[PDB]
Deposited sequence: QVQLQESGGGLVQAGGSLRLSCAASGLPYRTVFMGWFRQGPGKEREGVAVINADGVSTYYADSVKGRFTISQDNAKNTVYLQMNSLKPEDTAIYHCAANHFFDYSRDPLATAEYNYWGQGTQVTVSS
């Protein structure tokens, strides 16, 4: 799971993350983005289903972030970035999902990216 994008941005600004899956045993069912802020527990941010349409967003990013899918790459368009969005952002995926489960829970994903820093100034 190769991630690109990230870096520093001033508050209010925008940043695009992307993650391309390469060499995976099977096609992904859900693929998306989790994040871990300084000292906090990893939380789900946004995931998207194989269909490229069905999405799930943490309540804290609703309306500011939008995940989309190409290239079997996913993109996270982050707008209106605030200091509270500063975190290490991991791409994540599975090849199975039980819709009785929480699609933004870390335990429902076992493929993972190396991580990307995102820092929002001011």
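K.L.:
Where are the holes in the model when you compare it to the deposited sequence?
P.N.:
Missing CA coords at 1-3, 74-75.
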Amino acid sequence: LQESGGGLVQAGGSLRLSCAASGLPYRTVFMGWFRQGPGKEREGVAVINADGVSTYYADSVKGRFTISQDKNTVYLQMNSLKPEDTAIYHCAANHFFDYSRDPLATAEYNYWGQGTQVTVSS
From here on, numbers count along this sequence of modelled residues.
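K.L.:
Return whichever of 11-19 and 94-102 has the greater mean Cα B factor according to the PDB record.
P.N.:
Looking at the record's C-alpha B-factors, the answer is 11-19.
K.L.:
Averaging only over Cα atoms, indicate whether 52-60 or 71-79 has the higher B-factor in the PDB entry.
P.N.:
The entry gives the higher C-alpha B-factor average to 71-79.
K.L.:
Looking at the temperature factor on the CA atom of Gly39, which third of the chain's modelled residues does it land in?
P.N.:
Middle third of the chain for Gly39's C-alpha B-factor.
K.L.:
Of the three thirds of its chain by CA temperature factor, lowest, middle or highest, which one includes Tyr89?
P.N.:
It belongs to the middle third of the chain when residues are ordered by C-alpha B-factor.
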